[PDB]
């Protein structure tokens, strides 16, 4: 009954959403009562007929930011930076710029004062161009006042964390962060030998899409991983105490909230909600206006532990893929939904909510 019921529940949540959104391939991984469960649907590639499995690599887009936050948590952990450091403390090129007056915390939580969703098209993946972009940028409003969701914001936070550790961001992730977390199917740059696992992405008229190079791509949206590895990361988040202390502390640093916007409390990478909450509210928290419009923040008097009866989550996309991760610390419950189409966030949340609701029931 239990195995049959869980399959029944996940199939029921997933299958209509896949059909309705014309999703070629979708992987689910659920952590429940200390055990992983995988459900794989459809095709990693429509053209070669490769099936989705729990080891298929998907682009997770902005979910990468939770890994970036973990690296930053490590640098914090290790007293190499503080959240109240000025950005320009960690990059001489920024001294004399507006980043003299913006904190690492502002950058991590999108309150630096109007850094946009993405780098402009004119900024290529080039150290000098990135440097020059930040040097010339001016806040639209006072740092610390408004949240505007931004790749250049948290991207810079990740880059500066790497600088504080004295190594390239990409090298730190490959050589330190991924091994510490036990992740052998998680990549910024997929090895040639593992490319057979890399799903095709699909956009309009099913054109094939895989993510290309962009400025601060590793920090903002660089990770390709499997449902099995992403669930391993969720399990590390559910039980940081199971990791060696330096990494336990790094993960804990991503479970601290600094302010609220509506129903959402903003942490490093993770965004949190009270749990239970209605599906419509959780969808609103992950809606297009949240990503695209500035919102005045409600600052907390002290950082808040994002634990107990809460749902922590992150959406992420690339042109060809759509990812969603959600976990409930107080229930030892986590889930990962990875697809090779960029389909609406509301639909991702709908699948997850149906699974979580069914598990409670």
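Numbering follows the first chain given and starts at 1.
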Which has the higher mean CA temperature factor in the PDB entry, 345-353 or 10-18? 10-18
Quick one: say whether 281-289 or 204-212 has the higher mean Cα B-factor in the deposited entry. 204-212
Reading the B-factor column for Cα atoms of 255, 147, 90, 260, the highest value belongs to 90
Just to confirm, going by the entry's C-alpha B-factors, which of 107, 272, 268, 75 comes out highest? 75
Name the third of the chain's ranked CA B-factors that contains residue 172, choosing lowest, middle or highest. middle
By the record's CA B-factor, is residue 143 among the lowest, middle or highest third of residues in the chain? highest
In terms of its chain's C-alpha B-factors, the third that includes residue 103 is the middle
Looking at the temperature factor on the CA atom of residue 61, which third of the chain's modelled residues does it land in? lowest
Assert third(CA B-factor, residue 45) within chain per record equals middle
